[PDB]
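Undergrad: Supplied in structure tokens, the structure appears directly below.
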Amino acid sequence: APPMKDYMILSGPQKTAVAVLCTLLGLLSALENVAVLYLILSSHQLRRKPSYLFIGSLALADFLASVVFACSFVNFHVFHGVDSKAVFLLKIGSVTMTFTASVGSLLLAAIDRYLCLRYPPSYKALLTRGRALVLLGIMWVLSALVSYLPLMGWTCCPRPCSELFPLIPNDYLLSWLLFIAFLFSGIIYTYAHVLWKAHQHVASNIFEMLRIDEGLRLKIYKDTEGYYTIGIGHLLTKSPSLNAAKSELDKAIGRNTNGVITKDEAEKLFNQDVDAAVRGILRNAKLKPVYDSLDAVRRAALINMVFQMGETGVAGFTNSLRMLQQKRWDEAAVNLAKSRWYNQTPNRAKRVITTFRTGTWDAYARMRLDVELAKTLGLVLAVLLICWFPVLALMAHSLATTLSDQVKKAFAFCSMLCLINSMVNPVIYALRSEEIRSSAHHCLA
Ligand SMILES: CC(C)(CCCCCC#N)c1cc(O)c2c(c1)OC(C)(C)[C@@H]1CC[C@@H](CO)C[C@@H]21
């Protein structure tokens with residue numbers, strides 16, 4: 001077995017360099033984690049949600065790691081400290097558990113977001129307050145099992161020992177690294193899916209715009225005016241007869257629908273009405289110049305208006321139409337707010353008016369705050385990936401070839417990044433998370 005002092009390498013000023021960085025970063029990391037752990041339990045709206053149970057569990061795994069790692073790293077390297085032979089297997093095992101639990105905490109946070117975005121109405125039933133804690137425990141137990149194995153019956157006896165960590169073999173590290181790479185593969189595969197489903201909800205085009213405003217329905221419905229309609233506002237007949245509307249439906253689809261149409265039929269019939277709306281605007285002397293100046297987003301906002309009150313109606317908004325052509329967005333936004341169209345349908349008008357001033361689909365963005373929560377995580381996962389890649393790579397190199405004191409020195413400075421990662425992560429939540437930033441004004445006082 002190799003000696004304990006052989007793993008202590010400090011070429012003069014690098015001993016006081018770890019002493020100034022590791023002690024400052026480790027105390028500052030435990031300062032932010034405690035400001036997050038209490039914050040989740042302090043606010044009534046944050047404690048109930050399962051997403052914040054994984055944010056809290058990360059801060060819990062980070063707080064304990066920030067104190068256990070910074071204590072034992074400065075102790076062993078800077079002050080040449082050796083507590084006991086059994087206590088060391090406890091120190092290392094405690095660091096191994098707290099940092100593995102940070103990874104696992106984020107995997108559950110990534111799984112939480114996958115279910116939320118992939119299956120949104122079935123999320124609240126697929127993931128409950130209890131189920132999240134059951135998943136937390138399972139993750140914490142498997143964290144402790146893989147982390148304390150050396151402490152238990154695993155140690156390097158006839159098998160070669162690791163040149164980075166004392167008393168631990170190459171075979172156990174290989175096992176933990178492969179286990180951690182399995183947790184990372186889980187994170188990468190689950191989050192790649194999270195970004196794909198988040199793009200689906202932020203995706204906008206006119207069909208998805210008017211789907212919100214007009215209201216999609218594959219069954220025959222009645223519009224505000226009282227006439228029979230189908231899909232995205234496709235008025236069938238003004239007539240009070242449903243059988244007349246049912247006949248009009250079979251006429252417009254070319255099949256015996258019996259009151260129900262398919263989604264791609266509603267999309268077919270929609271683009272049929274959009275093409276017809278566009279032609280109407282073009283064959284309108286007052287509307288065409290306005291349409292000519294508007295972009296792919298603002299053009300859709302005008303078609304939205306033509307869908308609502310027809311070409312002859314929209315053409316009447318001469319005051320606003322002049323501003324839309326002159327690109328005076330803010331002046332048109334306030335002028336349109338002074339219309340009867342805003343006084344009759346404020347809900348829809350505000351959104352339409354916004355698309356005219358911003359030039360963005362943000363006004364029609366579904367699940368925006370739940371989607372921005374997935375964005376927060378992405379950055380947290382990026383930092384995690386950045387900081388941990390050099391540390392794990394040196395541990396992988398350790399098992400394949402023999403490494404000299406020059407590599408051993410470099411590993412100690414990479415180990416400092418885990419501490420930086422755990423310090424940076426609660427700052428990301430303190431800046432992006434809107435629910436945390438909104439609670440930051442009330443909870444602290
Ligand atoms: C943060 C981490 C990268 C976690 C790796 C988990 C172990 C893998 C398994 N299974 C890590 C890196 C370290 O360099 C060390 C760590 C933990 O723990 C203490 C107790 C502070 C050690 C003190 C003695 C040093 C000997 O050179 C190694 C120090």
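Naming scheme: A, B, ... for chains in displayed order of the structure tokens; residues 1 onward per chain; ligands 1 onward as shown.
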As a VMD selection string, please: every protein or nucleic acid residue near ligand 1 (cut-off 9 Å, counting only C-alpha atoms and all ligand atoms).

TA: chain A and resid 4 6 to 9 65 68 to 77 88 to 100 146 to 150 163 to 166 168 172 to 177 388 391 to 392 395 408 to 409 411 to 419

Undergrad: Nearest to residue 372 in chain A: which of A:441, A:80, A:199, A:118 is it, counting only C-alpha atoms?

TA: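 Using only C-alpha atoms, residue 372 in chain A sits closest to A:199.
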
Undergrad: Just want the 8 Å neighbourhood of residue 277 in chain A, counted on only C-alpha atoms, with same-chain residues fewer than 3 positions away dropped. Output as an NGL selection string.

TA: :A and (273-274 or 280-281 or 303 or 306-307 or 311)

Undergrad: Would you give me, as a ChimeraX atom specification, the residues in range 314-366 of chain A that DSSP reads as helix (DSSP H, G or I)?

TA: /A:314,318-325,329-336,340-344,346-358,362-364

Undergrad: So that I can see what lies close to range 252-259 of chain A, please list as a list in words the residues with an atom at most 8 Å from it, counting only C-alpha atoms and leaving out residues fewer than 4 positions away in the same chain.

TA: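 Final neighbour list, sorted by chain and number: residues 219, 220, 246, 248, 265 and 269 of chain A.
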
Undergrad: List the neighbours of residue 429 in chain A out to 7 Å using only C-alpha atoms; skip same-chain residues closer than 4 positions along the sequence, and give me the result as number ranges by chain.

TA: A: 376, 425, 433

Undergrad: Measuring between only C-alpha atoms, which one of A:167, A:109, A:421, A:132 shows the shortest distance to residue 33 in chain A?

TA: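 That would be A:421, the residue with the smallest distance to residue 33 in chain A.
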
Undergrad: Which residues are near residue 41 in chain A? Cut-off 12 Å, only C-alpha atoms, ignore same chain within fewer than 4 positions. Put them as a list in words.

TA: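 Counting only C-alpha atoms, the residues come to residues 34, 35, 36, 37, 45, 46, 47, 48, 49, 52, 53, 55, 56, 57, 436, 439 and 443 of chain A.
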
Undergrad: Would you please work out which residue, of A:330, A:338, A:364, A:345, is nearest to residue 297 in chain A when using only C-alpha atoms?

TA: A:364

Undergrad: So, counting only C-alpha atoms, which residue among A:139, A:344, A:373, A:327 is closest to residue 359 in chain A?

TA: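 Between A:139, A:344, A:373, A:327, the residue approaching residue 359 in chain A most closely is A:327.
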
Undergrad: Using only C-alpha atoms, which residue out of A:155, A:205, A:312, A:404 lies closest to residue 170 in chain A?

TA: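 Once distances to residue 170 in chain A are computed over only C-alpha atoms, the minimum belongs to A:155.
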